[PDB]
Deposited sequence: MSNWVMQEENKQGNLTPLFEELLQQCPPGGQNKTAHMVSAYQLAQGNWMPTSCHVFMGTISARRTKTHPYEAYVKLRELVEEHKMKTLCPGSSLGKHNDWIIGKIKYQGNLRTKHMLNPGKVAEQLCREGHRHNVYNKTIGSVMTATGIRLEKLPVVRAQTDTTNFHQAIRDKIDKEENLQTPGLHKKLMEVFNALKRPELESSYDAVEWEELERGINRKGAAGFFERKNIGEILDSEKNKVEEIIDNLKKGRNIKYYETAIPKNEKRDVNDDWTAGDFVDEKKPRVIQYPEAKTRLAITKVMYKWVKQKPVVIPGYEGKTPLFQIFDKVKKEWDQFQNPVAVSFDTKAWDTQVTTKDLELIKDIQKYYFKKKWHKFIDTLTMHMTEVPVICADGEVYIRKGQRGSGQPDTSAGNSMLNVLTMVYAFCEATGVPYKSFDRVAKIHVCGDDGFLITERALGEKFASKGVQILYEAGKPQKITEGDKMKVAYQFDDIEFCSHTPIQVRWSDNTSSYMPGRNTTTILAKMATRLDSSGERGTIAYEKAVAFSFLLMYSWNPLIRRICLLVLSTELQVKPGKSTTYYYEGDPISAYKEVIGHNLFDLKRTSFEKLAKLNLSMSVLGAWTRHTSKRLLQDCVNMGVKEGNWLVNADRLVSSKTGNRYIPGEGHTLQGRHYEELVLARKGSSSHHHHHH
């Protein structure tokens, strides 16, 4: 009966190793009684117990007392010599009130709003969409809640992990390495680096120049950093902490969608622009995954392609299920040992001449001086800073290894046989695996405890089970879920679905012109053309002032005709989309009704606005909508057009 109470307590036990010298009993065996726990060090959900005529609740109280004794003993740490320089910049005593990491004081101070996209937002208002009923997106936070987020999320000790965990994770890696690439990676030239780089990439706290200014004028400074690291010499490594959606919350690289910003931690932590340049120039091939050596890495997969790709795997199983990865605050769960495992993997692929570079950078990353925007300093123990160049590749590989390990240990499948029974997909900490139902359910019921012991605790859920999808379109990935559409050529495919309320909110607002808005409308049309409401808002916006070209600040833009650009990447004309999955559409429209963001008139008013425009003489983008054209009697004839990134 008390099995759920024990299962909960086992998730508070310190991870331990296998104990052959004693009896290792589970939460079920404990709940049976006649089992006296001798220590709280948990291994695969089991602890050492003595056989001694014990009542179940007695065993529970002994285990709990053991956990509290252990917790009431697990200490301040010496600062590394290579971090001493930051103490020299301290001017005032600190007020972060951190409990588990040093707050040595505050350095001297150094020298964004959510506004409507007026055209997009007024098209919505014109149809009776109630903007003020849409959820809040891109919220900022004040200094007081920012420091609280630091105390809540970052101010912690490193996770304890199963003794010998990283040896096993390296064994998993050896089952998926690419030996033809061993010791082959070298730095890239400035020209290749500058091709894929956001020149607006943010300056660190002590920095004035952004990525582009440094590239134009201080390459020697970057090269000095590279040289120091290459020879194993310390650099003045630090990260700057800002609240999400602050002005310096800028992505160095192109992103596949706004989901990347949305999954960011509340606390953005990033190295200096000069230092990100130094890291990226040398480690380019790893941090950019050129080539892709992380199995299932979808970081480069456009969101309008991902679910068609995944459905082909799904169709190959007899009774497939998908098990979601749902780690709590992943970046705060990355340990020093985790980082050293990734370093060893990077040294596998890089030429030996960069091994000291990788050693020294990783050392700097194990104990990081972080300077808040307001000047407060904390010394972070391990973890991931979300603005590190290695965030996507390092987290993705760490996630793949940890999940393969956890799946194999839950199911009995050997590491080298994972690829025979399951397919994995990751984007940083986000992801899932597809496997046959029996294995998936085994993994979902045992994985919670195993993943906790591996230092990647899962979000707390019902009966401590990982989320299982029993039908393809219940998969969740990159904040989206598959939705099927029917094309006029008697085929079906999948698009990235998401709640209509959320899509509207993201489309309607930005953080601090029509050229930008038209790029947004095109970007959203590539993703959400399955959604008749989004589709028609997009077509109206794209109908605005045909003479102004789309801006290039967002995920995608079009050269020439946006309707032809759509066809180029989607594979059909917009006009050939004849049906969207009825059941899934209703699911993703529910919150429009719950929140009152629309009324019984909204869809017809938007249709009628499109028809009014499309019946008029001329070549109107709105007639690319199959139903609109059916009511207007006119079609859109596309010119030439191409989809571009950036």
Deposited residues absent from the coordinates (by C-alpha): 1-13, 88-89, 127-131, 533-538, 673-693
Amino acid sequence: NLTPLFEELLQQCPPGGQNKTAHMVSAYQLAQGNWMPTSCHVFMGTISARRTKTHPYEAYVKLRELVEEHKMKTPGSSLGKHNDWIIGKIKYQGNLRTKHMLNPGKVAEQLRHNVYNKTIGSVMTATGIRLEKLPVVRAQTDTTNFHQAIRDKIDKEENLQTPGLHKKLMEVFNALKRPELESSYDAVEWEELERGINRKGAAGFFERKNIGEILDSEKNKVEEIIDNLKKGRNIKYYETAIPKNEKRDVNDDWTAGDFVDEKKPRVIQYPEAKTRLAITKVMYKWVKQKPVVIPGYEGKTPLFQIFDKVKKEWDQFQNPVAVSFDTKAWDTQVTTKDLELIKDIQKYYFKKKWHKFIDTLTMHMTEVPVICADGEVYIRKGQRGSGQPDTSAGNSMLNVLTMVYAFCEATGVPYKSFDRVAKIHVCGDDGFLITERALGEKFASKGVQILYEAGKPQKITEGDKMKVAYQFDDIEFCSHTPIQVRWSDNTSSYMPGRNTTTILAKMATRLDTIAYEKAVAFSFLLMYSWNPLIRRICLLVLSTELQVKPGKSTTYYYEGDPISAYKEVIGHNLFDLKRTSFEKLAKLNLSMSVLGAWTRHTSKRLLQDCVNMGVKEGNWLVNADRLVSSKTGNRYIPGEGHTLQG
From here on, numbers count along this sequence of modelled residues.
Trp254: gap in at least one third of other compared structures: yes
Coordinates absent for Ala108 in a third or more of other entries: yes
Stretch with the greater mean C-alpha B-factor as recorded in the entry, comparing 116-124 against 357-365: 116-124
Between 394-402 and 565-573 (mean CA B-factor, as deposited), the higher: 565-573
Top Cα B factor in the deposited entry, candidates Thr38, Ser603, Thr580, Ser593: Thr38
Candidate residues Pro291, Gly296, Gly431, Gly560, the one whose C-alpha B factor the record puts highest: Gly560
Among modelled residues of the same chain, the CA temperature factor third for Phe304: middle
Cα B factor band for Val310 (lowest, middle or highest third within the chain): lowest
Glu453 - Cα temperature factor, lowest/middle/highest third of chain: lowest
B-factor third for the C-alpha atom of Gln140 within its chain: highest
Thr255 by Cα B-factor - lowest, middle or highest third of the modelled chain: highest
